[PDB]
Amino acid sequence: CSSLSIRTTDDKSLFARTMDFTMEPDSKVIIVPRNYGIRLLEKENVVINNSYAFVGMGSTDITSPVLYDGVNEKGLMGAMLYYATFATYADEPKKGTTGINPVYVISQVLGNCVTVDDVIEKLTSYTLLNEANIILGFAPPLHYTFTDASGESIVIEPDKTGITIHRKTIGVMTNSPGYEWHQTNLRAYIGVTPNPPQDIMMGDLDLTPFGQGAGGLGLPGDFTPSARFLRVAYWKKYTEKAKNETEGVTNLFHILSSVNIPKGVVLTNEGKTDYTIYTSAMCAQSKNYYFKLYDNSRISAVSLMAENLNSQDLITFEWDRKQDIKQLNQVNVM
């Protein structure tokens, strides 16, 4: 998966992510209303009551709602991303703390924090444990990213040596390795710019670019996590500032399109295709949730604040996996 956040000229903060997996567990957009309550562990019945209502993409297949990404009524934004080979979970909670299933971090954090600091604070009383879940059959290796209404972003990584916290980062996050490795990697590519190389000569031969684009020489085009990090960061740097929230959603989806994996281009060892199942964007100030999926490029929006945040039940929105083509005249839908 890939992810980044931007700031509009409107003083709006937006966060966006791609979901790249080999299978599509039933997911839908879920609204979790205040005081719905969320499990901490799937094999323990302790339920923490959630102070805030929140909206995002998740699963309803286990006891409490599982959120992949989402926005708060308070403006906090966040998402779970894979962190293969690096994510390390303990067997029992560290002394004092309570254990938490890695898969419930977003729902817990979104239901209860306002700022990035709130998030850092809330996690000191928890210990991520190696508890599996019946959807994947194991506890997925994950790292986490959160963005405030203010635009401050953090990265929390459950490393071998313990939780590593990254404060006020560049607002870009994909997969392994660790945030510091990626941020140091940016330095080797500072020469990837929007501008063309000057023409040169080789003896009497005039050498000029094939057309436009040659400032990017060096950016990798493959779909590895590191390559995707570079592409989201550099294109985040250079694409124009969003003037408002709508420009923001469409700019965010443009940047992520450079890291959008078509089915069949990436296969696992297992031979499974790793592709971009969906792409979402969130706005902290409006609390709106936007998304497009593999089979439908039409963006769909759900407003959190439009619902009753004290409803007893979860308010869900199903995916429309058909391509929403608009017919200008009578097309033959085929």
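A residue's number is simply how far along the shown sequence it sits, counting from 1.
Legend: mean Cα B-factor per stretch from the PDB entry, 59 to 67 versus 22 to 30; the higher mean is in 22 to 30. Relative to its counterpart among 108 to 116 and 215 to 223, 108 to 116 has the higher mean temperature factor, C-alpha atoms as listed in the PDB entry. By the numbers in the PDB entry, the CA B factor is greatest at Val47 among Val47, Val266, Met282, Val302. In the deposited coordinates, the residue among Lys237, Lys122, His182, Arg228 with the greatest CA B-factor is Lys122.
In the deposited entry, the Cα temperature factor of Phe146 places it in the lowest third of its chain's modelled residues.
When the modelled residues of the chain are ordered by their C-alpha B factor, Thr97 lands in the highest third.
Per the PDB record, residue ranking by Cα B-factor puts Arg298 in the lowest third of the chain. Per-chain ranking of the deposited C-alpha B factor places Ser257 in the lowest third. Among the modelled residues of its chain, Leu205 has a C-alpha B-factor that falls in the middle third, as given in the PDB entry.
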